[PDB]
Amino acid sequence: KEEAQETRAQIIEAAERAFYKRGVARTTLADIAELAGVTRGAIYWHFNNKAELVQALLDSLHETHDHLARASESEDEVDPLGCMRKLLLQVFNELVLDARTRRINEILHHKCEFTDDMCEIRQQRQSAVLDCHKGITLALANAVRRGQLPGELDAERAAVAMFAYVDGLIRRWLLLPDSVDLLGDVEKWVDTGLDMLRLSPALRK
């Protein structure tokens, strides 16, 4: 009884450590349960499987940004592209400063395989990125129907180009941090990608 609003968050913290150390593919619920100090039944109570745990880690990333995200995906917001700028700067600040964000991103990008003996991992990822895509595409049209935004962006493609650049930059920094002074030059990195979204003719219809 309110036994585990608490153990849920301790099970997720042990999942991160197991996954960060041994990787997702070879970690069993039992490694995690041992690490949390609970039983595999205590885990089954919150999660029906390892894919669900992975999900919980993935989903935990959207929290911090939620507001700037939602803000920028909204007409009434006087200034969409500017919330997208803030959002992006926060995304990079949080990767640099927060060990937790970084670790979960490291697990996501470099320690979580897609194999057909658990395709809910690849499935959940597809769904996550299409979700994120609809988001970027709104933010993109709202900027456009606001003069912030060369009236003929192909949105959908601008959105894909954007996610791609931010995604590959993050994974880049994760591979070689001392080669992307991400914190020091946050603004230049964020702007570079925004300059792509408006200054590039190729992203136009």
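For every residue, the number given is its place in the sequence shown, counted from 1. By rigid core we mean the largest C-alpha set that fits within 1.5 Å across both forms.
Relative to the shown model and aligned on the rigid core, the C-alphas in 4 other deposited structures of this protein deviate most, among 23-31 and 38-46, for 38-46. Mean CA B-factor, 170-178 versus 149-157: the higher value falls on 149-157. The mean Cα B-factor in the deposited entry runs higher for 69-77 than for the other of 69-77 and 85-93.
The residue among 141, 54, 29, 164 whose C-alpha carries the highest B-factor in the deposited model is 141. Residue-level temperature factors show residue 106 in the lowest third of its chain, judged at the C-alpha atom.
Annotation for residue 132: CA B-factor lies in the middle third of the chain's modelled residues. Sorting the modelled residues of the chain by their CA temperature factor places residue 119 in the highest third.
Per-chain ranking of the deposited C-alpha B factor places residue 24 in the lowest third.
Ranked by Cα temperature factor within the chain, residue 190 sits in the middle third according to the deposited record.
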